Amino acid sequence: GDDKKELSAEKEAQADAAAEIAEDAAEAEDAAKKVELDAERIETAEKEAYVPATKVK
Amino acid sequence: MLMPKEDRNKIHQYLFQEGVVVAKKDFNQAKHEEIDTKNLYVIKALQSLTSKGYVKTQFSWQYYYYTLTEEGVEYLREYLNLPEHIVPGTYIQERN
Amino acid sequence: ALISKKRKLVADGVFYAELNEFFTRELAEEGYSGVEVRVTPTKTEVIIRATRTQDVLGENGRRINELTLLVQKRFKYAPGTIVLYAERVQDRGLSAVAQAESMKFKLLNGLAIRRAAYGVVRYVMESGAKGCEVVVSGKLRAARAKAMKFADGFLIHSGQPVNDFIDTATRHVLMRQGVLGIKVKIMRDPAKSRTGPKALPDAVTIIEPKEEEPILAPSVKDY
Amino acid sequence: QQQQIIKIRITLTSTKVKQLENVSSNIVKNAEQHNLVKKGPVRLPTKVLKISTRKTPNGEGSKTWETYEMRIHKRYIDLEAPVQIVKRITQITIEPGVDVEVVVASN
Amino acid sequence: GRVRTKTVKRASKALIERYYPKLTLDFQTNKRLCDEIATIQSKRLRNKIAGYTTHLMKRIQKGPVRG
RNA sequence: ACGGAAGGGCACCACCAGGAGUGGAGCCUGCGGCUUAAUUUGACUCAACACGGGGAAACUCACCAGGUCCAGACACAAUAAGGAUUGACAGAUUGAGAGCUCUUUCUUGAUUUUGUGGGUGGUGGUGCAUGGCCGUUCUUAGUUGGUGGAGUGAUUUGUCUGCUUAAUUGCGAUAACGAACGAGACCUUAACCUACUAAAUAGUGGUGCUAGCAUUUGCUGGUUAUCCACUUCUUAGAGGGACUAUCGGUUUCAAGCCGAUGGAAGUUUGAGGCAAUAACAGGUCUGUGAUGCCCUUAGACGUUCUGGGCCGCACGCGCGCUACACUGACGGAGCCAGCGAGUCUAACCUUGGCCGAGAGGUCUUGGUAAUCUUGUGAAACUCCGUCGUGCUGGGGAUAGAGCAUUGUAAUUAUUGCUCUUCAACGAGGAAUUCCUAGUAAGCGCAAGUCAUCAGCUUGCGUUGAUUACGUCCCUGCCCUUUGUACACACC
């Protein structure tokens, strides 16, 4: 920034401050899916999901 | 990375269950606390998960803190093939 | 366990260090302003001084759950041994850290350097602070780096009152051109004080006596 | 009906002397408030954990050293008492920063 | 060097100016007086003030002083 | 802002008056130079050179000779379920029990491969792009604003000739008056407390219990609780205490300064911590997952593994260590500190008992600690001898041989031990550093570093002088006056 425009800065800055306070005032009072994971793997822990038979000589 | 799909499943499942992972910045660590894999497998699989916008990664003090994201709940839902409204630490505990 | 008390106390300090670091990283855009840890029976309690507890909660307590789980698994805690509480901080405009974060996100949202610092000092002063200052050191659009002081009101710089009153914070904001540092100073009103000395060692108030109506010949009174 | 004397020692240990003397003096006072037998707050020679360091991140400059310190104050109070009142006194009077340790013991 | 600071001599000034119907050429009672009249955050400061207002008290007893 | 212009001050990083030295010697150690496959590098007046906590066997590590690995997220595309891709026994090969590579041919299943974009790591570059941090100016005393006076104004007075302080510290003069940052206050530590609160994790007195010598009562110990009592010593909480007090010299009888007395203490009580505004292209991208830009990214400047090197030696320079002896070496013997620190998912501090000349081994033990190591029985030092001024028995370099300890590893010899070898140095040129009281210097610890290694440093206590209490001559820096064509400010 430069000094030739100084006032302007302050003003907007000051305005900003005010704005903040309004926000600070706004906030001063302003205005399921169960199943789980281990229990879902344990709820689906019923079999019919594997296959193995080998060993030859 | 290049890892058998079993360890990848250990990872993705575990993350899906906890929603939160941690891992120290030290590869060559043989085995990770809890998860049944190489530490590096976890760190890198996680890096993959985040760099496609499914999880979030943080550091500080030589430790990786991994958060799971909602889109990541979609993709991990697909990858674990479980039905919609499935799991994750998104149920307010017992009563605590 | 079974440690020596020296090593335990130092360890506790380090625990706080890693804690504050981690939260400061994780709770940036949520007005995190500091933590405190309390060793109780049953649990260990971690309190989060923020300005946006509505987010630190998250979707009906999802994110605070995440943070608790994080700290837990990392520091090796057994589920329930640790409990976290999101808590609003009173007067954001008297915490250094909160302001450093403020202007950091001002400049990160691309606001005028002068207007940012001046707006910050303005808000800090309007929150009834004794004095305030914002140093800005780095490079802005130029190439040869510079620095800027923006201070309003009263501050002291020497002695123990430093510890008692003024608040320092350094914050490294990094942008497309390089980085720049925010040094914030907040001198809180010694008057209000609450706990600790309510005035500068400098201070010496003289109590104003009374105009007497003397003279008058003796006499006595009976009861 | 519980209640029976067990020779107790409590150690308070902290760095914040204000809260420490706070909870210590409050403990002895609020204890003897109902006529126990005690040996009241015993002060162990305060500990100075020093650290000596070059202030510089690099090597340059006149060799300026700096000395940080953390101060450990440790107290202990001896109380002869039953079961309930101890559990009550360790449940409450809790202070963040002040570390309490409740031993029974006699050997 | 024992050149008393500005705040000291200023305070002493005010005090002699508004409590001459008290005090003396005795440090102890001036110190104690100071404690009963002036809110001072320091013992050391208060003793400096009291000692200087004491010396001034002695040197007013044999003539005037500026201020 | 600056002067190679004038007048003032301040200061042991300045003299004076002295002390202990360094500078000469041997070694220790950093820097240069040279040497080198490499001998990684930042830093070069105060403010570089026992500095990067920089005491490198691996590691560290950045260098050199060599060997693996991808930990190249992600997108599109290409390959391809007839197999995209992974691994490997022995052999050949390699320093290597690396399936690195090849011989041969089992395997594995879509996790990879190739290619593009896009990423990432990097002790690679840029401290002349930055943050932060630090050092310097500075052992400094400077900065500002309200009402008022002067000037159209930028601005000036306040903020000053003198005096006085360590101090823009005050007094005083006075168009200025009354303030605020900084100094001071404050904080921390060493000093005082037969005053308060106390304590088998501190200690005292008495009593039990018991040994020795006297014996007449006594003198000198033992007994982690045999009881009772206490708080002088020890410990740390709240207080008190000094405010240069009282008197008196001296000066504008102002600030103050000097001297006596008292006092735990009267040099800011001694020593520190903090410490405004402003500047430097001071140092740090070799602390950071602080960072812009550039460079590198698979025959890697990523990373890891083996070996070497930062220690290399005609020589120049800086910090040091040990000495030239008789206020001494040796050997007996006397024997006294304070700051510390110590083992959980581990082997740290270690008494004690044996074994050995020693170093050390071994068998147990206390201690997460005011409780055990430990009274840290440290060293100068004190005492009685031996030597007798002779490169001597001062001095311990260089070196051969043997034993141990740390460690996966000790050769270029980590350290420790024992025997022998017995250098230079006979007080040190020109020059030059530090210092004013429990300070100098002499003396040893503890801590950092640390598996092992202090000739280093940070602190600590032990013994304890001489000479000032001044000045502006050398130097360094502040301050006014003055000049200026500088203001990116004499680079």
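All chain C residue numbers match Swiss-Prot; in order, they span 3-225.
In case you wondered, yes, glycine gets a Cβ from its N, Cα and C as well.
Cβ neighbour count for C:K106 (ubiquitin cross-link) (all protein chains, 10 Å cutoff from its Cβ): 21. Look at Swiss-Prot and you will find C:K106 (among others) tagged as ubiquitin cross-link, backed by a large-scale study or a structure entry.
When secondary structure is read from DSSP and collapsed to three states, C:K132 (ubiquitin cross-link) falls in the coil class. Around C:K132 (ubiquitin cross-link), the C-beta neighbours below 8 angstroms that are at least 6 residues distant in the chain are C:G155, C:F156, C:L157, C:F167, C:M189, C:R190, C:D191, C:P192. Summarising the annotation, Swiss-Prot assigns ubiquitin cross-link to C:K132 (among others).
Long-range Cβ neighbours of C:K141 (ubiquitin cross-link) (same chain, at least 6 residues apart, Cβ-Cβ under 8 Å): C:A147, C:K148, C:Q179, C:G180, C:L182. Annotation source Swiss-Prot lists ubiquitin cross-link at C:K141 (among others), citing a large-scale study or a structure entry.
Marked as ubiquitin cross-link by Swiss-Prot: C:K151 (among others). Just so you know, the Cβ of C:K151 (ubiquitin cross-link) picks up 12 other Cβ atoms within 10 Å once every protein chain is counted.
The feature ubiquitin cross-link is assigned by Swiss-Prot to C:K200 (among others). Its own atom aside, the Cβ of C:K200 (ubiquitin cross-link) has 14 Cβ atoms within 10 angstroms in the protein chains shown.
A simple way to gauge crowding: the CB of C:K212 (ubiquitin cross-link) has 5 other CB atoms within 10 angstroms, across all the protein chains here. According to Swiss-Prot, the feature ubiquitin cross-link maps to C:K212 (among others), an assignment based on experimental evidence.
Here Swiss-Prot flags C:21-92 as domain 'KH type-2'.
Here Swiss-Prot flags C:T44 (among others) as phosphothreonine, drawing on a large-scale study or a structure entry. In the three-state DSSP classification, C:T44 (phosphothreonine) falls within coil. For C:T44 (phosphothreonine), other Cβ atoms within 10 Å of its Cβ number 8.
Annotation source Swiss-Prot lists phosphothreonine at C:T70 (among others). Secondary structure from DSSP puts C:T70 (phosphothreonine) in a helix. Annotation for C:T70 (phosphothreonine): same-chain Cβ neighbours under 8 Å, separated by at least 6 residues, are C:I84, C:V85, C:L86.
Annotated phosphoserine per Swiss-Prot: C:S97 (among others), in sequence order, evidence recorded as a large-scale study or a structure entry. According to DSSP, C:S97 (phosphoserine) sits in a coil region rather than a helix or strand.
The annotation phosphoserine is assigned in Swiss-Prot to C:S129 (among others) on the grounds of a large-scale study or a structure entry.
Counting Cβ atoms from all protein chains shown, C:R146 (omega-N-methylarginine) has 5 others lying within 10 Å of its own Cβ. Sequence annotations record features per position, and here Swiss-Prot assigns omega-N-methylarginine to C:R146 based on experimental evidence.
Every protein chain shown contributes to the tally, and the Cβ of C:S221 (phosphoserine) ends up with 5 other Cβ atoms within 10 Å. The phosphoserine annotation in Swiss-Prot covers C:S221 (among others) and is backed by a large-scale study or a structure entry.
Across the domain 'KH type-2' (C:21-92), DSSP helix (H, G, I), strand (E, B) and coil residues number 29 helix, 19 strand, 24 coil.
Around C:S129 (phosphoserine), taking its Cβ as the centre, 20 other Cβ atoms fall within 10 Å, counting all chains.
A straight line from the CA of C:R146 (omega-N-methylarginine) to the CA of C:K200 (ubiquitin cross-link) spans 45 Å. Listed in sequence order, C:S35, C:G36, C:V91, C:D169, C:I188 are the same-chain residues at least 6 apart in sequence whose CB falls under 8 Å from the CB of C:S97 (phosphoserine).
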